[PDB]
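If you read the sequences in order, they're chains C, G, H, D, E, M, I, F and B. Numbering of the first sequence is given in the deposited numbering, commencing with residue 10 and proceeding in unit increments. Numbering of the second sequence is given in the deposited numbering, commencing with residue 10 and proceeding in unit increments. Numbering of the third sequence is given in the deposited numbering, commencing with residue 25 and proceeding in unit increments. Numbering of the fourth sequence is given in the deposited numbering, commencing with residue 27 and proceeding in unit increments. Numbering of the fifth sequence is given in the deposited numbering, commencing with residue 37 and proceeding in unit increments. Numbering of the sixth sequence is given in the deposited numbering, commencing with residue 32 and proceeding in unit increments. Numbering of the seventh sequence is given in the deposited numbering, commencing with residue 1066 and proceeding in unit increments. Numbering of the eighth sequence is given in the deposited numbering, commencing with residue 17 and proceeding in unit increments. Numbering of the ninth sequence is given in the deposited numbering, commencing with residue 20 and proceeding in unit increments.
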Amino acid sequence: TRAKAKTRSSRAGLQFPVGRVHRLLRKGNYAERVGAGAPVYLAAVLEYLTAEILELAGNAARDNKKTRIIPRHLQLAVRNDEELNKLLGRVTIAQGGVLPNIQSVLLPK
Amino acid sequence: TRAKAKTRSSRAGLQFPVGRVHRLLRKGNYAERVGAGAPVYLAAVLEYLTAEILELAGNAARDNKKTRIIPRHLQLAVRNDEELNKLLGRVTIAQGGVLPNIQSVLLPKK
Amino acid sequence: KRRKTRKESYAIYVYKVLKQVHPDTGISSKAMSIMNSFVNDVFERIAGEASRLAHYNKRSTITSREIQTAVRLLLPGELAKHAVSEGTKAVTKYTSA
Amino acid sequence: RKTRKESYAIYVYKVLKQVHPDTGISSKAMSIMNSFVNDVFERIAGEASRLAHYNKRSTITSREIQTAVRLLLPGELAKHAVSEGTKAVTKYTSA
Amino acid sequence: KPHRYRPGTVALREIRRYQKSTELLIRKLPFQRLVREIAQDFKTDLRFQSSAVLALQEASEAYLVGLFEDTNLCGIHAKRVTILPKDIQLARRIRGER
Amino acid sequence: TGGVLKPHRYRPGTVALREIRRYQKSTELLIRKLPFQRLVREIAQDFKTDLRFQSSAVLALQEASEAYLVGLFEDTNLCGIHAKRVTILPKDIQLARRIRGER
Amino acid sequence: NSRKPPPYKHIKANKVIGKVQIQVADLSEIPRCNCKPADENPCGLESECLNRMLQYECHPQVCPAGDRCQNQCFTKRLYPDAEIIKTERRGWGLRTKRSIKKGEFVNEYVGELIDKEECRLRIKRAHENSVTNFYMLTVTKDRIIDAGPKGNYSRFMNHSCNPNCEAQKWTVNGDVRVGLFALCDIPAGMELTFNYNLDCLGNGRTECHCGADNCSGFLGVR
Amino acid sequence: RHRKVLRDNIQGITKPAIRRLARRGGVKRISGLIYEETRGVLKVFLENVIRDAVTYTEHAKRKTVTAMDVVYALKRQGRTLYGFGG
Amino acid sequence: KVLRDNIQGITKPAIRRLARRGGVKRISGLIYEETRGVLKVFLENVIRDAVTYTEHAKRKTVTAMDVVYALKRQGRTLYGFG
DNA sequence: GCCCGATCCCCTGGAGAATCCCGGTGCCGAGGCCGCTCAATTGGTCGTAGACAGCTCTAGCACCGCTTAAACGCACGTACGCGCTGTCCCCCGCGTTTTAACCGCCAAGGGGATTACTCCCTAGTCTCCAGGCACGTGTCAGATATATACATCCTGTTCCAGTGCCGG
DNA sequence: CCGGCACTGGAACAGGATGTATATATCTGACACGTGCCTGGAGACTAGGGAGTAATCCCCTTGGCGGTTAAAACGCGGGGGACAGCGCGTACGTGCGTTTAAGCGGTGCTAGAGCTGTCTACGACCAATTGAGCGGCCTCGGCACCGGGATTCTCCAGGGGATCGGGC
Ligand SMILES: C[S@@+](CC[C@H](N)C(=O)[O-])C[C@H]1O[C@@H](n2cnc3c(N)ncnc32)[C@H](O)[C@@H]1O
Ligand SMILES: [Zn+2]
Ligand SMILES: [Zn+2]
Ligand SMILES: [Zn+2]
């Protein structure tokens, strides 16, 4: 341990822990051996998928003139995009509600 | 080795391989260790479920004056049993067909 | 000829259990494949559910006590009541004799 | 006593401050993003496992991880994520 | 003559009041007394965490709210505007439950 | 001069109730093999060019396509009867698929 | 006119002459019903018989109703009654002796089996000597029933625009046969007659000398 | 043994409670036979989940039902739920 | 050598037979162009996954196990082909 | 008045039929029989995972009292199911003629599937040290509570089109 | 027989009461920072086997040809079913007044979940050795078709007979 310790997730330019994803892959009964560019690939996808469900909820909050995010903005952000609605199609979100929607035959003529 | 060999199916009283279930459990990434009465319990459950289907399939092949099971009798056996039909609900059996059923509002009336 | 390699199936145990229930019928070469798939498909559900039962509890061994719970979660009402008896008797007949 | 509970809160909070500098988040929502990440990790891992088993191999590699993404993610997500990963892996080696 | 709104107005204006809130729409004590009574059949003398009963109410309400949305399309198919006990059975049968 | 007689024809709905009874008892496949096999080879030419197939891999897609269609035509019928009709129209397939989940 | 018309070789079934065979199938391509030992009349006349509704004859070895099932009427042959009475100018006709109900099995139509080319050469031969043939009936493709040389009493019928029976097509033991059924019940003493749609290759050379309101028409119009 | 049995607790889901659940689903007019069928639909859904929760609880040799037993029992049927741990 | 016109090899009688095995008595005249659009979005979902499984293994032939895996991945298990 | 050579309801020498029955020829699939190899049983040694026995101390169950928000009846009138009748046009059962699926061949070559040999990449041990978890604390965002100010739904009161049926 | 003092539904249109949106004030409880410390990640070697790469063998996917027959395409007709217009009467919605439990403060008691510490029985690992199970090769042998003699039943037949109109 002569040189100064340089973290593995700074060599790649990421924010998620490449050193802990590896320990979880190894103790999880997935295979006998685990390569070296597997965690550097999985962290870079877990980080991209979460930086786009938040960029929509931050936009949805600005329409109520609010500063924080609550479980309702995540629902309004997920059920209004037809890709996240196809990925999260059988998931329930606590304290989320429904979308405003009413058929036309019921409206007064 | 010094004494004569006996299998492990013979000790338990089974017709299925207790020695071949064991290495499939050990080489399938299910855990780090495996007990000694896990294969002896998992073979006696795979034998009961086989007898349960073959009996009904034979009873259903008898009613055509036939002496041989084909893939149609296996479908007729399981689509009539209210529990094998719940265990095998999302499964397709090749060359099986359907069950005869006509609705009551389509039959001709005078 | 190159003496092709071997390949295993349950097609001599499936044909031993049939001679107990119906001592005179036979089975077809295409009805044997379906029973092969049936057995290989029911093995994996019961193994994969106990694999997770053991991990929720922070253990590292699969015993004859996780296989008795995987059956009670996987099989329906009256089916999951004779399988437990079969499996419980085939271990008492083995651990003593 | 009070041994430790690990989570992803401090990385979700670092990702938020790059898309929205003047914004916060509450606890009921942190506890939903946590379940989200834990749920997707385990759909992508348990399919690379099966691929390696089908092909009779013993090692999980980035070539299995890349293919387990095209079978799971729909549409344009599967085209942007595949390009995200193959830049981190290209930068990591040349160092 | 106390001004007597017409039939169908007060209903249409709470359809869109209950689609902006996110609260829970059943009483907590009546719902908690039924959970402890269903589960006397499987094992006696149990005890429940305080937040294990709050997790069941949410699943239940999310199940019913989405069954009613399937029931409401069969009625419009048959050219009605009311829902009857024969429109629930078609939804459940086509879904694949009964 | 000399004519020929002709027995009365069937009332509509009889030769269609004899076939419901004939086809619910056989097991064979109900589509033609070369027509079905050219469609599979032109669909796959948009994902990867110049690839081959196995005779028992083309025969496995045709067993699942028919099992899908025969089981969708059974949900269409119950909507048609709900609406108090006998005929199936193109607006019952859509209701079946929407309640089922696929659209 | 006390004489008797040219005798006919009486017969009970159809005898094949032409180039087509019969289609007697084995007892695994015969349909099965849904009844069972039950209330008075199994496979009766007022019942929900799936084999009766679709115009099938049920077999006594396959029917679950057993052997007392009433769907066997092409073998028992409980035919109609009193024979030819004299018309005025129509040929011979017939008449009924016993009262008959509504929708009951009147006697079959039976003859010999001839195909298209043999039939047409037969008529082209018998035309040059002016026999005025009056006996032809097609049933399906490449098959014809004929009652000229031989036959039974159902060869003595007529045409009327107010008839009492029609010619249906039943499938008996894998083969298709013809049988005349009564529209509505009638007390005994009337001349049986049925409509037939002719398809003359030449032209219509006969008016309907029967007598009714709409019956004017022709022998080949409506 | 303060375990006086409970009885007739399904009628605690009153009809206003059901009208609100139907308003959130978008319904304008309601019949009068729906209230005795919604209860039968709910009492079949609750049992399939309480059964598996008690089964998961007994395997660990516990007496208290927790909030992870319910989440596992729900996920086992294809009804994942975010918000309560995991 | 590209192809086309091949969706109309699923004729009208072949659709009436599949309707009779399902149990229908009358059929409208617009069902025939409505069914050829449903059958063509189910086949693509399966052939895409089959070709992905094939390309992972460095082959050029589509075997009969690729189809079984691509079908099991969507909850449509099939018995009798391996 | 008796009786004669034809003269019509039975009648059987063949003959013929159909098909109950008993038995020759010829088959695609399944059932048994020896060589052979590799995977399961017997026998020991050992070290980590799990089973009991305390011991602290959080949280789930039981009771009491009060204030108010929600559930429960009860009546009226209005819109909405549900049955009936008339009409017309589209889907079903027929014959003809045209097209291409199926089956049996024969020929050439891409690519799937074993087998051998040699690097190079993942596991496994020591060290060293810094990033992430629990604990403690302050200040500011969002949740009510008033008061006023409009949008929104329903109807009374006027007002054109056409005129009630009288009538020369 | 269309025009006429006075007649009748139809159309519009503000204008109330009620419900929905504002602009300040106050104010509590949870979010966003700091500090100390322990455990989990990173740096440096070392020894063995899993996978990349080349090469040979033969199976099976593709391509073209002829020919026989069953299925697909096209055009007539006629009766049955889908869709629209009316009318009657039963049940669900809107509002008002009276009754019954959900909810919010506490308080005290104890059951049971979580942590710590020994200590023995159970599963992994390795070596020598024999039989259970898979691949290839013969037999028999229960069915589908073809003769065949051919047995109950049918039936064509010119004839055996009781009758007759005159014959005698
Ligand atoms: C059907 S053949 C039967 C042979 C014989 N004439 C008979 O009646 O038994 C009757 C012949 O008489 C004619 N015919 C029968 N009934 C008729 C009727 N009602 N009006 C006009 N012609 C009729 C037909 O043209 C036919 O050619
Ligand atoms: Zn019957
Ligand atoms: Zn019968
Ligand atoms: Zn006439």
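Built from N, CA and C at the ideal position, the CB exists for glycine as well.
Outcome for residue i when other beta-carbon atoms lying within 10 angstroms are tallied against a minimum of 16
| i | result |
| --- | --- |
| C1098 (chain I) | buried |
| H18 (chain F) | exposed |
| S1093 (chain I) | exposed |
| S84 (chain H) | exposed |
| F62 (chain D) | buried |
| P26 (chain C) | buried |
| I34 (chain B) | buried |
Member of the options whose CA lies at the smallest distance from the CA of residue i
| i | options | result |
| --- | --- | --- |
| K1167 (chain I) | I:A1078, I:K1074, I:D1250 | I:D1250 |
| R134 (chain M) | C:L108, C:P109, C:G98 | C:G98 |
| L120 (chain M) | B:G99, B:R45, B:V87, B:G41 | B:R45 |
| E92 (chain C) | D:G101, D:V38, D:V41 | D:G101 |
| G42 (chain F) | E:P66, E:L70, E:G44 | E:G44 |
| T1161 (chain I) | I:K1080, I:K1101, I:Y1218 | I:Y1218 |
| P1214 (chain I) | I:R1187, I:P1228, I:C1265 | I:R1187 |
| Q93 (chain E) | E:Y54, E:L61, E:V46 | E:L61 |
| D106 (chain E) | M:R72, M:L36, M:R131, M:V35 | M:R131 |
Element boundaries [beta strand (DSSP E), containing residue i]
| i | result |
| --- | --- |
| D1240 (chain I) | 1240 to 1247 |
| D1211 (chain I) | 1208 to 1211 |
| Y98 (chain B) | 96 to 98 |
| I102 (chain G) | 100 to 102 |
Residues that DSSP places opposite residue i in a beta bridge
| i | result |
| --- | --- |
| residue 1321 (chain I) | The question about residue 1321 (chain I) has no answer here: the residues shown for chain I are numbered 1066 through 1287. |
| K1234 (chain I) | I:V1243 |
| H1224 (chain I) | DSSP lists no partner for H1224 (chain I). |
| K43 (chain H) | None; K43 (chain H) has no bridge partner. |
| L36 (chain M) | I:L1202 |
| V1081 (chain I) | I:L1178 |
| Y1121 (chain I) | I:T1236 |
| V43 (chain G) | H:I86 |
Listed by chain order, chain B residues near residue i by CB distance under 8 Å
| i | result |
| --- | --- |
| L97 (chain D) | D68, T71, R92 |
| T101 (chain G) | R95, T96, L97, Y98 |
Under 9 Å from the C-beta of residue i: neighbouring residues of chain M
| i | result |
| --- | --- |
| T1203 (chain I) | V35, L36, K37, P38 |
| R1270 (chain I) | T32 |
Within chain B, partners of residue i - CB distance below 9 Å
| i | result |
| --- | --- |
| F62 (chain H) | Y98 |
Within chain E, the residues that residue i reaches when beta carbons sit closer than 9 Å
| i | result |
| --- | --- |
| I130 (chain M) | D106, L109, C110, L126, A127, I130, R131 |
Alpha helix (DSSP H) segment containing residue i, residue limits
| i | result |
| --- | --- |
| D65 (chain H) | 55 to 80 |
| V71 (chain M) | 64 to 74 |
| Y99 (chain E) | 90 to 113 |
Contacts of residue i in chain E (Cβ-Cβ under 7 Å)
| i | result |
| --- | --- |
| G41 (chain F) | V101, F104, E105, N108 |
Interface residues of chain I facing residue i [CB-CB closer than 7 Å]
| i | result |
| --- | --- |
| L48 (chain M) | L1119 |
Within chain M, partners of residue i - CB distance below 8 Å
| i | result |
| --- | --- |
| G98 (chain G) | Under the 8 Å cutoff, chain M gives no residues; its nearest Cβ is about 12 Å from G98 (chain G). |
Under 9 Å by beta carbon: chain I residues contacting residue i
| i | result |
| --- | --- |
| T45 (chain M) | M1118, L1119, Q1120 |
8 Å Cβ cut-off: residues of chain G touching residue i
| i | result |
| --- | --- |
| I51 (chain M) | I111 |
Chain C contact residues for residue i, given Cβ-Cβ distances below 8 Å
| i | result |
| --- | --- |
| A114 (chain E) | Within chain C, no residue comes near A114 (chain E); the closest Cβ sits about 12 Å away, beyond 8 Å. |
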